[PDB]
Amino acid sequence: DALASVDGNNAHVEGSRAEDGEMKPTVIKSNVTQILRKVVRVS
Amino acid sequence: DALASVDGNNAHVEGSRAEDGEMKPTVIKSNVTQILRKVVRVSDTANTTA
């Protein structure tokens with residue numbers, strides 16, 4: 001999906017007290033496959 | 001650094017000692033540092049998954 005944003009300011013006051021991180025992991029994308037026949041008919 | 005101004009009226013008289021005498025000290029600035037703490041934590045079990 002992407003890397004994390006910049007968030008601009010990231011100053012701190014000597015303490016973390018995080019919220020389990022803002023990882024927000026990647027999204028899972030998929031695609032499907034089709035069929036092509038193009039029949040041949042000899043009489 | 002200091003001012004180091006320019007003058008274009010240096011036409012002092014032949015007998016004059018000095019008009020006023022002008023000097024001012026240099027300027028003194030100051031900066032600060034910032035903190036950029038960053039952490040990450042979810043759990044100890046998910047890190048092991050295959």
# chains A, B, ... in the order shown; residues from 1 in each chain; ligands from 1
>>> closest_atom_pairs(of="chain A", to="chain B", cutoff="9 Å", atoms="only C-alpha atoms", output="tab-separated table")
residue	atom	partner	partner_atom	distance
A:9	CA	B:36	CA	8.7
A:10	CA	B:36	CA	5.5
A:11	CA	B:35	CA	5.2
A:12	CA	B:35	CA	5.5
A:13	CA	B:35	CA	7.7
A:14	CA	B:35	CA	8.1
A:15	CA	B:37	CA	8.1
A:16	CA	B:37	CA	7.1
A:18	CA	B:39	CA	7.1
A:19	CA	B:41	CA	8.4
A:20	CA	B:41	CA	5.1
A:21	CA	B:40	CA	5.0
A:22	CA	B:40	CA	8.1
A:23	CA	B:40	CA	8.0
>>> residues_around(residues="residue 25 (chain B)", least_positions_apart="5", cutoff="10 Å", atoms="only C-alpha atoms", output="number ranges by chain")
B: 1-3
>>> atom_distance(atom1="CA of residue 49 (chain B)", atom2="CA of residue 30 (chain A)")
22.3 Å
>>> atom_distance(atom1="CA of residue 44 (chain B)", atom2="CA of residue 4 (chain A)")
22.2 Å
